[PDB]
């Protein structure tokens, strides 16, 4: 089986930047059978380049592809916002046809601090015996971020589930959700619930909390 190795795995491009990504085949492919697809978030992949260098239908001129043998590449002449997507190479010369794992291309923007919001368990959830505490960390940039939970001042790691949005198509920011779930029993045995976000944009963590007994 041909293995297609793409690099880089992820790339952040400034608007207008000339970007090149690569696809290396474990064995020599006839260039006639090396194609690229573009998959925008939320959508199906779409043929972008076929036979190494030919632009598919609807594809802007700033795209190009080149290569031969075991080495192929894809170039975007000037990064545009609408180019944020995962790009896959694929070989059709050998059965089974195989795809590279994809290069995820994202867009650079000015730093933005997260907007942090914390929420106590609803009555409805407490009624059923559970207690989830939610923290939203919204509209931030760059994408790297760390969340720490504390209960009555002590760090809590188990029972935390995190989820990230894809880069926002309108403002190129990232958002995150972090949910700490415990039993109603454990929740009523503590008071202070805190989520602390460490991000490039501040020299101390952003800390939001609530006490179970606030009024």
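Positions refer to the first chain, counted from 1.
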property: Residue stretch of maximal mean CA temperature factor, 149-157 vs 45-53; result: 149-157
property: Higher-scoring stretch by recorded Cα B factor average, 187-195 or 12-20; result: 187-195
property: Highest-ranked of 91, 73, 127, 86 once sorted by CA temperature factor in the record; result: 127
property: Among modelled residues of the same chain, the CA temperature factor third for residue 172; result: middle
property: Chain third (lowest, middle, highest) by recorded CA B-factor, residue given as residue 82; result: middle
property: Where the record places residue 58 (Cα B-factor, split into thirds across the chain); result: highest
property: Ranked C-alpha temperature factor of residue 103 among modelled chain residues, by third; result: middle
property: Residue 67 - which third its CA temperature factor falls in, relative to the rest of the chain; result: middle
